[PDB]
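Source file: model-v3.txt (compact mmCIF, N, CA and C atoms)
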# COMPACT_ATOMS: atom_id res chain seq x y z
N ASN X 1 -89.08 -77.77 -77.97
CA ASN X 1 -87.74 -77.24 -78.26
C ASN X 1 -86.91 -78.11 -79.23
N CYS X 2 -85.76 -77.58 -79.65
CA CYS X 2 -84.88 -78.09 -80.71
C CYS X 2 -84.05 -79.36 -80.36
N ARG X 3 -84.64 -80.31 -79.61
CA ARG X 3 -84.03 -81.57 -79.15
C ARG X 3 -83.35 -82.35 -80.27
N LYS X 4 -84.07 -82.63 -81.35
CA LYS X 4 -83.57 -83.34 -82.53
C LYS X 4 -82.69 -82.47 -83.43
N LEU X 5 -82.83 -81.14 -83.41
CA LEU X 5 -82.19 -80.26 -84.39
C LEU X 5 -80.72 -79.98 -84.03
N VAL X 6 -80.42 -79.77 -82.75
CA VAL X 6 -79.03 -79.75 -82.27
C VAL X 6 -78.42 -81.16 -82.33
N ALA X 7 -79.21 -82.20 -82.06
CA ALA X 7 -78.81 -83.60 -82.21
C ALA X 7 -78.64 -84.04 -83.68
N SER X 8 -79.05 -83.24 -84.67
CA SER X 8 -78.89 -83.54 -86.09
C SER X 8 -77.47 -83.24 -86.58
N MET X 9 -76.70 -82.48 -85.79
CA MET X 9 -75.32 -82.07 -86.05
C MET X 9 -74.39 -83.30 -86.03
N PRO X 10 -73.42 -83.44 -86.95
CA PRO X 10 -72.63 -84.68 -87.07
C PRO X 10 -71.69 -84.94 -85.88
N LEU X 11 -71.30 -83.89 -85.13
CA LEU X 11 -70.53 -84.01 -83.89
C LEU X 11 -71.37 -84.53 -82.71
N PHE X 12 -72.68 -84.25 -82.71
CA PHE X 12 -73.59 -84.57 -81.61
C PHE X 12 -74.07 -86.04 -81.65
N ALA X 13 -73.67 -86.79 -82.68
CA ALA X 13 -73.97 -88.21 -82.90
C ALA X 13 -73.62 -89.12 -81.71
N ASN X 14 -72.61 -88.68 -80.97
CA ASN X 14 -71.89 -89.37 -79.92
C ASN X 14 -72.03 -88.64 -78.56
N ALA X 15 -72.86 -87.59 -78.51
CA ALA X 15 -73.03 -86.71 -77.35
C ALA X 15 -73.79 -87.34 -76.16
N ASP X 16 -73.53 -86.82 -74.96
CA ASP X 16 -74.31 -87.08 -73.74
C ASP X 16 -75.69 -86.37 -73.82
N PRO X 17 -76.84 -87.07 -73.71
CA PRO X 17 -78.19 -86.52 -73.90
C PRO X 17 -78.56 -85.37 -72.94
N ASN X 18 -77.81 -85.19 -71.86
CA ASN X 18 -78.01 -84.10 -70.90
C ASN X 18 -77.29 -82.83 -71.36
N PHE X 19 -76.07 -82.97 -71.90
CA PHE X 19 -75.27 -81.88 -72.47
C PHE X 19 -76.00 -81.22 -73.64
N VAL X 20 -76.49 -82.04 -74.58
CA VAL X 20 -77.18 -81.55 -75.79
C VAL X 20 -78.46 -80.77 -75.45
N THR X 21 -79.11 -81.19 -74.36
CA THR X 21 -80.36 -80.63 -73.84
C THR X 21 -80.16 -79.36 -73.02
N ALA X 22 -79.11 -79.30 -72.19
CA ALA X 22 -78.83 -78.13 -71.35
C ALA X 22 -78.47 -76.90 -72.18
N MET X 23 -78.07 -77.12 -73.44
CA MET X 23 -77.77 -76.08 -74.42
C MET X 23 -79.02 -75.37 -74.97
N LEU X 24 -80.18 -76.02 -74.95
CA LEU X 24 -81.38 -75.55 -75.66
C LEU X 24 -82.09 -74.37 -74.97
N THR X 25 -81.81 -74.12 -73.69
CA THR X 25 -82.56 -73.17 -72.84
C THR X 25 -82.57 -71.70 -73.29
N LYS X 26 -81.54 -71.23 -74.02
CA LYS X 26 -81.42 -69.83 -74.50
C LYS X 26 -81.27 -69.67 -76.02
N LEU X 27 -81.67 -70.66 -76.81
CA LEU X 27 -81.59 -70.60 -78.27
C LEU X 27 -82.46 -69.47 -78.86
N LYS X 28 -82.12 -69.05 -80.09
CA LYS X 28 -82.86 -68.06 -80.88
C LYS X 28 -83.18 -68.55 -82.30
N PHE X 29 -84.34 -68.17 -82.82
CA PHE X 29 -84.86 -68.49 -84.16
C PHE X 29 -84.74 -67.29 -85.11
N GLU X 30 -84.41 -67.51 -86.39
CA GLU X 30 -84.45 -66.44 -87.40
C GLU X 30 -84.70 -66.95 -88.83
N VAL X 31 -85.44 -66.17 -89.62
CA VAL X 31 -85.77 -66.44 -91.03
C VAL X 31 -84.98 -65.54 -91.98
N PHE X 32 -84.62 -66.10 -93.14
CA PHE X 32 -84.08 -65.36 -94.29
C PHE X 32 -84.92 -65.63 -95.55
N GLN X 33 -84.88 -64.72 -96.53
CA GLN X 33 -85.59 -64.82 -97.82
C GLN X 33 -84.60 -65.22 -98.95
N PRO X 34 -85.06 -65.68 -100.13
CA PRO X 34 -84.16 -66.23 -101.16
C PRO X 34 -83.09 -65.24 -101.66
N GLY X 35 -81.85 -65.71 -101.77
CA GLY X 35 -80.69 -64.99 -102.29
C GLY X 35 -79.89 -64.28 -101.20
N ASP X 36 -80.41 -64.21 -99.97
CA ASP X 36 -79.83 -63.40 -98.91
C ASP X 36 -78.68 -64.13 -98.18
N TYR X 37 -77.50 -63.51 -98.14
CA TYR X 37 -76.32 -64.06 -97.44
C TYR X 37 -76.55 -64.14 -95.93
N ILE X 38 -76.54 -65.36 -95.40
CA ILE X 38 -76.84 -65.64 -93.99
C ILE X 38 -75.60 -65.52 -93.09
N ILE X 39 -74.40 -65.75 -93.64
CA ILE X 39 -73.12 -65.82 -92.92
C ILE X 39 -72.01 -65.21 -93.78
N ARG X 40 -71.36 -64.15 -93.29
CA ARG X 40 -70.04 -63.63 -93.71
C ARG X 40 -69.29 -63.04 -92.52
N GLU X 41 -67.96 -63.15 -92.52
CA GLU X 41 -67.10 -62.69 -91.43
C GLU X 41 -66.54 -61.26 -91.57
N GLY X 42 -66.15 -60.70 -90.42
CA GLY X 42 -65.53 -59.39 -90.26
C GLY X 42 -65.09 -59.05 -88.83
N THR X 43 -65.45 -59.87 -87.83
CA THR X 43 -65.10 -59.69 -86.41
C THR X 43 -64.95 -61.02 -85.67
N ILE X 44 -64.44 -60.97 -84.44
CA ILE X 44 -63.97 -62.15 -83.70
C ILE X 44 -65.09 -62.72 -82.81
N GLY X 45 -65.35 -64.03 -82.91
CA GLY X 45 -66.23 -64.77 -81.99
C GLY X 45 -67.66 -65.00 -82.49
N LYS X 46 -67.86 -65.04 -83.82
CA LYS X 46 -69.18 -65.26 -84.45
C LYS X 46 -69.84 -66.58 -84.00
N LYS X 47 -71.15 -66.68 -84.18
CA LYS X 47 -72.04 -67.73 -83.64
C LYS X 47 -72.06 -69.02 -84.47
N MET X 48 -72.72 -70.06 -83.95
CA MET X 48 -73.20 -71.17 -84.80
C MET X 48 -74.60 -70.87 -85.37
N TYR X 49 -74.91 -71.41 -86.54
CA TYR X 49 -76.22 -71.27 -87.20
C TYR X 49 -76.63 -72.62 -87.82
N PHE X 50 -77.92 -72.98 -87.76
CA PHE X 50 -78.34 -74.34 -88.13
C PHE X 50 -79.78 -74.38 -88.69
N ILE X 51 -80.03 -75.29 -89.63
CA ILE X 51 -81.17 -75.21 -90.57
C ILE X 51 -82.40 -75.95 -90.04
N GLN X 52 -83.46 -75.23 -89.63
CA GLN X 52 -84.67 -75.83 -89.06
C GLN X 52 -85.65 -76.32 -90.14
N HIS X 53 -85.81 -75.54 -91.22
CA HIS X 53 -86.54 -75.92 -92.43
C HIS X 53 -86.15 -75.01 -93.60
N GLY X 54 -85.59 -75.56 -94.67
CA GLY X 54 -85.21 -74.83 -95.87
C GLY X 54 -83.94 -75.39 -96.48
N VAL X 55 -83.41 -74.66 -97.46
CA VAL X 55 -82.21 -75.01 -98.22
C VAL X 55 -81.33 -73.76 -98.32
N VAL X 56 -80.02 -73.95 -98.40
CA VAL X 56 -79.03 -72.91 -98.71
C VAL X 56 -78.25 -73.28 -99.97
N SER X 57 -77.76 -72.27 -100.67
CA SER X 57 -76.77 -72.38 -101.76
C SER X 57 -75.51 -71.65 -101.28
N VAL X 58 -74.41 -72.38 -101.31
CA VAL X 58 -73.37 -72.36 -100.30
C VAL X 58 -72.03 -72.52 -101.01
N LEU X 59 -70.94 -72.00 -100.45
CA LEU X 59 -69.61 -72.32 -100.94
C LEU X 59 -68.79 -72.93 -99.81
N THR X 60 -68.09 -74.06 -100.04
CA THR X 60 -66.90 -74.34 -99.20
C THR X 60 -65.61 -73.86 -99.86
N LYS X 61 -64.83 -73.03 -99.15
CA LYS X 61 -63.66 -72.29 -99.67
C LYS X 61 -62.58 -73.17 -100.31
N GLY X 62 -62.33 -74.36 -99.77
CA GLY X 62 -61.44 -75.38 -100.33
C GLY X 62 -61.94 -76.04 -101.62
N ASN X 63 -63.23 -75.90 -101.88
CA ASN X 63 -64.03 -76.90 -102.55
C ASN X 63 -65.02 -76.23 -103.52
N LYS X 64 -66.25 -76.76 -103.58
CA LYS X 64 -67.27 -76.42 -104.56
C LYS X 64 -68.34 -75.48 -104.03
N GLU X 65 -69.07 -74.89 -104.98
CA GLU X 65 -70.43 -74.46 -104.72
C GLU X 65 -71.32 -75.69 -104.47
N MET X 66 -72.07 -75.67 -103.37
CA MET X 66 -73.00 -76.72 -102.95
C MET X 66 -74.41 -76.15 -102.78
N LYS X 67 -75.36 -77.04 -102.47
CA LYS X 67 -76.45 -76.82 -101.53
C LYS X 67 -76.25 -77.56 -100.22
N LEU X 68 -76.91 -77.03 -99.19
CA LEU X 68 -77.15 -77.67 -97.88
C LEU X 68 -78.65 -77.63 -97.53
N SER X 69 -79.16 -78.65 -96.82
CA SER X 69 -80.59 -78.89 -96.57
C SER X 69 -80.94 -79.12 -95.09
N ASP X 70 -82.22 -79.02 -94.74
CA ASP X 70 -82.72 -78.99 -93.35
C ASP X 70 -82.17 -80.11 -92.43
N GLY X 71 -81.95 -79.77 -91.16
CA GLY X 71 -81.23 -80.59 -90.17
C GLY X 71 -79.71 -80.34 -90.15
N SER X 72 -79.15 -79.81 -91.24
CA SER X 72 -77.74 -79.42 -91.36
C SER X 72 -77.37 -78.20 -90.50
N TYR X 73 -76.07 -77.96 -90.37
CA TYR X 73 -75.45 -76.88 -89.61
C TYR X 73 -74.31 -76.23 -90.41
N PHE X 74 -74.05 -74.94 -90.17
CA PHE X 74 -72.94 -74.18 -90.78
C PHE X 74 -72.44 -73.00 -89.90
N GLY X 75 -71.40 -72.33 -90.39
CA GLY X 75 -70.53 -71.43 -89.63
C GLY X 75 -69.40 -72.23 -88.98
N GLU X 76 -68.17 -72.10 -89.51
CA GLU X 76 -67.04 -73.00 -89.20
C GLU X 76 -66.14 -72.47 -88.07
N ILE X 77 -66.68 -71.59 -87.22
CA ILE X 77 -65.99 -71.02 -86.05
C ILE X 77 -65.80 -72.14 -85.02
N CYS X 78 -64.55 -72.56 -84.78
CA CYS X 78 -64.26 -73.42 -83.64
C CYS X 78 -64.47 -72.64 -82.33
N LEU X 79 -65.14 -73.24 -81.36
CA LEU X 79 -65.36 -72.70 -80.00
C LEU X 79 -64.06 -72.25 -79.31
N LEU X 80 -62.93 -72.90 -79.62
CA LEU X 80 -61.59 -72.63 -79.07
C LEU X 80 -60.71 -71.76 -79.98
N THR X 81 -61.25 -71.34 -81.13
CA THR X 81 -60.54 -70.52 -82.11
C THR X 81 -60.11 -69.17 -81.54
N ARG X 82 -59.11 -68.57 -82.19
CA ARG X 82 -58.73 -67.15 -82.07
C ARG X 82 -59.01 -66.47 -83.41
N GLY X 83 -59.40 -65.20 -83.38
CA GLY X 83 -59.60 -64.40 -84.59
C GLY X 83 -60.84 -64.76 -85.43
N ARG X 84 -61.09 -63.98 -86.49
CA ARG X 84 -62.14 -64.21 -87.50
C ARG X 84 -61.86 -65.40 -88.44
N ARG X 85 -62.91 -65.89 -89.11
CA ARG X 85 -63.00 -67.14 -89.90
C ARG X 85 -63.36 -66.85 -91.37
N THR X 86 -63.43 -67.86 -92.23
CA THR X 86 -64.02 -67.74 -93.58
C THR X 86 -65.13 -68.76 -93.83
N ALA X 87 -66.31 -68.28 -94.21
CA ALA X 87 -67.34 -68.98 -94.98
C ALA X 87 -68.13 -67.99 -95.85
N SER X 88 -68.85 -68.51 -96.86
CA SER X 88 -69.77 -67.72 -97.70
C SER X 88 -70.97 -68.57 -98.11
N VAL X 89 -72.17 -68.21 -97.64
CA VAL X 89 -73.41 -68.95 -97.94
C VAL X 89 -74.65 -68.06 -97.88
N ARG X 90 -75.62 -68.32 -98.77
CA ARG X 90 -76.91 -67.62 -98.86
C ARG X 90 -78.11 -68.57 -98.80
N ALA X 91 -79.25 -68.03 -98.42
CA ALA X 91 -80.53 -68.73 -98.42
C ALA X 91 -80.94 -69.10 -99.86
N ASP X 92 -81.20 -70.38 -100.14
CA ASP X 92 -81.72 -70.80 -101.46
C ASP X 92 -83.17 -70.34 -101.64
N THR X 93 -83.86 -70.25 -100.51
CA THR X 93 -85.31 -70.17 -100.39
C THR X 93 -85.65 -69.30 -99.17
N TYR X 94 -86.93 -69.06 -98.90
CA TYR X 94 -87.38 -68.54 -97.61
C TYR X 94 -87.06 -69.61 -96.55
N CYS X 95 -85.95 -69.46 -95.82
CA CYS X 95 -85.37 -70.50 -94.96
C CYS X 95 -85.55 -70.16 -93.47
N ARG X 96 -86.03 -71.14 -92.68
CA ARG X 96 -86.17 -71.09 -91.22
C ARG X 96 -84.88 -71.63 -90.60
N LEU X 97 -84.10 -70.75 -89.97
CA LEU X 97 -82.82 -71.09 -89.32
C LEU X 97 -82.90 -70.85 -87.80
N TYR X 98 -81.91 -71.36 -87.07
CA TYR X 98 -81.73 -71.22 -85.63
C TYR X 98 -80.27 -70.86 -85.32
N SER X 99 -80.01 -70.17 -84.21
CA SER X 99 -78.65 -69.78 -83.82
C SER X 99 -78.42 -69.75 -82.30
N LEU X 100 -77.16 -70.00 -81.92
CA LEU X 100 -76.63 -69.89 -80.56
C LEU X 100 -75.23 -69.28 -80.63
N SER X 101 -74.95 -68.30 -79.77
CA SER X 101 -73.61 -67.74 -79.62
C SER X 101 -72.60 -68.78 -79.14
N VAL X 102 -71.43 -68.79 -79.78
CA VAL X 102 -70.39 -69.80 -79.53
C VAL X 102 -70.00 -69.83 -78.05
N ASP X 103 -69.93 -68.66 -77.43
CA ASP X 103 -69.41 -68.59 -76.07
C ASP X 103 -70.36 -69.24 -75.04
N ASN X 104 -71.67 -69.28 -75.34
CA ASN X 104 -72.69 -69.91 -74.51
C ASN X 104 -72.79 -71.44 -74.70
N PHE X 105 -72.25 -71.98 -75.79
CA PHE X 105 -71.91 -73.39 -75.97
C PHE X 105 -70.62 -73.71 -75.17
N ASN X 106 -69.61 -72.82 -75.18
CA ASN X 106 -68.44 -72.93 -74.28
C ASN X 106 -68.82 -72.88 -72.78
N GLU X 107 -69.92 -72.21 -72.40
CA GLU X 107 -70.44 -72.18 -71.02
C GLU X 107 -70.99 -73.53 -70.57
N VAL X 108 -71.82 -74.16 -71.40
CA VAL X 108 -72.48 -75.45 -71.10
C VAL X 108 -71.52 -76.63 -71.21
N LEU X 109 -70.48 -76.54 -72.04
CA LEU X 109 -69.40 -77.55 -72.05
C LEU X 109 -68.80 -77.80 -70.66
N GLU X 110 -68.64 -76.75 -69.84
CA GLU X 110 -68.07 -76.86 -68.49
C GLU X 110 -68.94 -77.65 -67.50
N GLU X 111 -70.24 -77.81 -67.75
CA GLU X 111 -71.14 -78.67 -66.95
C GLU X 111 -70.94 -80.17 -67.22
N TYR X 112 -70.29 -80.49 -68.35
CA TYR X 112 -70.07 -81.84 -68.88
C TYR X 112 -68.59 -82.04 -69.28
N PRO X 113 -67.66 -82.07 -68.30
CA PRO X 113 -66.21 -82.09 -68.54
C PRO X 113 -65.69 -83.22 -69.44
N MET X 114 -66.41 -84.35 -69.57
CA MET X 114 -66.11 -85.38 -70.57
C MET X 114 -66.17 -84.81 -72.00
N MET X 115 -67.24 -84.07 -72.32
CA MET X 115 -67.40 -83.41 -73.61
C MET X 115 -66.41 -82.25 -73.77
N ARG X 116 -66.03 -81.57 -72.68
CA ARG X 116 -65.07 -80.44 -72.73
C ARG X 116 -63.70 -80.87 -73.26
N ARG X 117 -63.15 -82.00 -72.78
CA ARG X 117 -61.88 -82.56 -73.31
C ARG X 117 -61.99 -83.07 -74.75
N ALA X 118 -63.13 -83.65 -75.12
CA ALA X 118 -63.45 -84.06 -76.49
C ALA X 118 -63.41 -82.89 -77.50
N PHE X 119 -63.51 -81.64 -77.02
CA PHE X 119 -63.27 -80.41 -77.78
C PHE X 119 -61.81 -79.91 -77.73
N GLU X 120 -61.09 -80.07 -76.61
CA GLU X 120 -59.66 -79.69 -76.47
C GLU X 120 -58.71 -80.51 -77.37
N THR X 121 -59.18 -81.63 -77.93
CA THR X 121 -58.41 -82.47 -78.88
C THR X 121 -58.61 -82.06 -80.34
N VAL X 122 -59.86 -81.92 -80.81
CA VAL X 122 -60.25 -81.45 -82.16
C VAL X 122 -59.79 -80.02 -82.44
N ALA X 123 -59.63 -79.24 -81.37
CA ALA X 123 -58.94 -77.94 -81.35
C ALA X 123 -57.51 -77.96 -81.95
N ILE X 124 -56.90 -79.13 -82.20
CA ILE X 124 -55.74 -79.27 -83.10
C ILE X 124 -55.78 -80.53 -84.01
N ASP X 125 -56.43 -81.62 -83.59
CA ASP X 125 -56.44 -82.92 -84.30
C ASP X 125 -57.16 -82.91 -85.67
N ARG X 126 -58.02 -81.91 -85.94
CA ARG X 126 -58.90 -81.84 -87.09
C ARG X 126 -58.25 -81.58 -88.46
N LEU X 127 -56.97 -81.19 -88.51
CA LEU X 127 -56.35 -80.56 -89.69
C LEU X 127 -56.51 -81.37 -90.99
N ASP X 128 -56.20 -82.66 -90.99
CA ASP X 128 -56.33 -83.52 -92.18
C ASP X 128 -57.60 -84.40 -92.20
N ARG X 129 -58.54 -84.14 -91.29
CA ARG X 129 -59.76 -84.96 -91.09
C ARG X 129 -60.91 -84.60 -92.05
N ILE X 130 -60.64 -83.69 -93.00
CA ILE X 130 -61.53 -82.86 -93.80
C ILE X 130 -62.89 -83.46 -94.19
N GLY X 131 -63.86 -83.26 -93.31
CA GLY X 131 -65.30 -83.45 -93.52
C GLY X 131 -65.72 -84.90 -93.79
N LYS X 132 -64.88 -85.89 -93.44
CA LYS X 132 -65.12 -87.29 -93.80
C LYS X 132 -66.26 -87.92 -92.98
N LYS X 133 -66.97 -88.89 -93.56
CA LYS X 133 -68.11 -89.60 -92.93
C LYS X 133 -67.68 -90.99 -92.45
N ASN X 134 -68.34 -91.51 -91.40
CA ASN X 134 -67.99 -92.80 -90.79
C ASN X 134 -68.16 -93.97 -91.78
N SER X 135 -69.33 -94.04 -92.42
CA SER X 135 -69.68 -95.03 -93.45
C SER X 135 -70.16 -94.33 -94.73
N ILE X 136 -71.36 -93.75 -94.69
CA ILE X 136 -72.08 -93.10 -95.80
C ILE X 136 -73.01 -92.00 -95.27
N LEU X 137 -73.41 -91.06 -96.13
CA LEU X 137 -74.37 -90.00 -95.84
C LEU X 137 -75.80 -90.45 -96.22
N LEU X 138 -76.25 -91.56 -95.63
CA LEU X 138 -77.58 -92.15 -95.84
C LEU X 138 -78.26 -92.51 -94.51
N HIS X 139 -79.54 -92.13 -94.41
CA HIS X 139 -80.47 -92.26 -93.28
C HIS X 139 -80.39 -93.58 -92.49

Please express the file's structure as structure tokens.
Amino acid sequence: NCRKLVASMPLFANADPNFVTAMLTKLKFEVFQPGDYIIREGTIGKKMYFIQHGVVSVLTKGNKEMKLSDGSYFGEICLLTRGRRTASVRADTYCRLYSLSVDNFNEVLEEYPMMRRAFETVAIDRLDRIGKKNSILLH
């Protein structure tokens, strides 16, 4: 199972190894082909999606056209959000992706109340924190 792949997420760097693992029991796998839009919004409560093997060509709405690569994650829906969100991204290649519904991550958070409060803070504290790294984006 996806032990390292959910742990590849930049928020999970600091996670409890039981919380990250209890999430894996109901995960789903899906593939896309080159040029195909993997994520666009239109309704409330959309999922998380994360890259098992492949590349995406991607937009951040504040920012640039990018690529993103394997081990990465996307879909900017906060678990505590209200309403629909904005992102726009497509498969660069024949890409192997994985997904979990947001509400079932909200279910497993309640088994680990230390991690649950660590989400009740970022639910407002994140506003000016925009995507910054601790030191560098190097292995």

If I take atom C of residue 105 in chain X and atom N of residue 63 in chain X, how far is one from the other in Å, to one decimal?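 Between these atoms lies a distance of 27.8 Å.
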
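Nearest-residue note for residue 83 in chain X: choosing from X:17, X:131, X:35, X:42, the minimum distance belongs to X:42, counting only C-alpha atoms.
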
Hey, which of X:108, X:71, X:123, X:77 ends up closest to residue 4 in chain X? Count only N, CA and C atoms. X:71

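The space between CA of residue 133 in chain X and CA of residue 92 in chain X spans 24.7 Å.
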
Check the DSSP output for the backbone and give back, as an MDAnalysis selection string, the residues of chain X in helix (DSSP H, G or I). chainID X and resid 3:6 12:14 17:22 24:26 102:109 113:125

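Closest approach to residue 55 in chain X among X:70, X:103, X:128, X:41 is made by X:70 (distances from only N, CA and C atoms).
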
If we count all atoms listed in the file and set the cut-off at 8 Å, which residues sit around residue 106 in chain X, ignoring sequence neighbours fewer than 5 positions away in its own chain? Please answer as a PDB file with N, CA and C atoms, in the coordinates of the input.
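In the end it all went to out_33.pdb:
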ATOM      1  N   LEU X  79     -65.140 -73.240 -81.360  1.00  0.00           N
ATOM      2  CA  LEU X  79     -65.360 -72.700 -80.000  1.00  0.00           C
ATOM      3  C   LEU X  79     -64.060 -72.250 -79.310  1.00  0.00           C
ATOM      4  N   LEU X  80     -62.930 -72.900 -79.620  1.00  0.00           N
ATOM      5  CA  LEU X  80     -61.590 -72.630 -79.070  1.00  0.00           C
ATOM      6  C   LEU X  80     -60.710 -71.760 -79.980  1.00  0.00           C
ATOM      7  N   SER X 101     -74.950 -68.300 -79.770  1.00  0.00           N
ATOM      8  CA  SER X 101     -73.610 -67.740 -79.620  1.00  0.00           C
ATOM      9  C   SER X 101     -72.600 -68.780 -79.140  1.00  0.00           C
ATOM     10  N   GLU X 111     -70.240 -77.810 -67.750  1.00  0.00           N
ATOM     11  CA  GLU X 111     -71.140 -78.670 -66.950  1.00  0.00           C
ATOM     12  C   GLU X 111     -70.940 -80.170 -67.220  1.00  0.00           C
TER      13      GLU X 111
END

Rank X:81, X:8, X:52, X:1 by their smallest atom-to-atom distance to residue 122 in chain X, using only C-alpha atoms, and report the top residue only. X:81

Based on the backbone DSSP call, show me all residues of range 29-117 of chain X assigned strand (DSSP E or B), as an NGL selection string. :X and (29-32 or 37-39 or 48-53 or 55-59 or 65-69 or 73-74 or 88-91 or 95-100)

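Note that the spacing between CA of residue 118 in chain X and CA of residue 12 in chain X amounts to 11.4 Å.
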
Closest of X:67, X:126, X:28, X:40 to residue 85 in chain X - atom-to-atom distances counting all atoms listed in the file: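 Checking each of X:67, X:126, X:28, X:40 against residue 85 in chain X, counting all atoms listed in the file, the winner is X:40.
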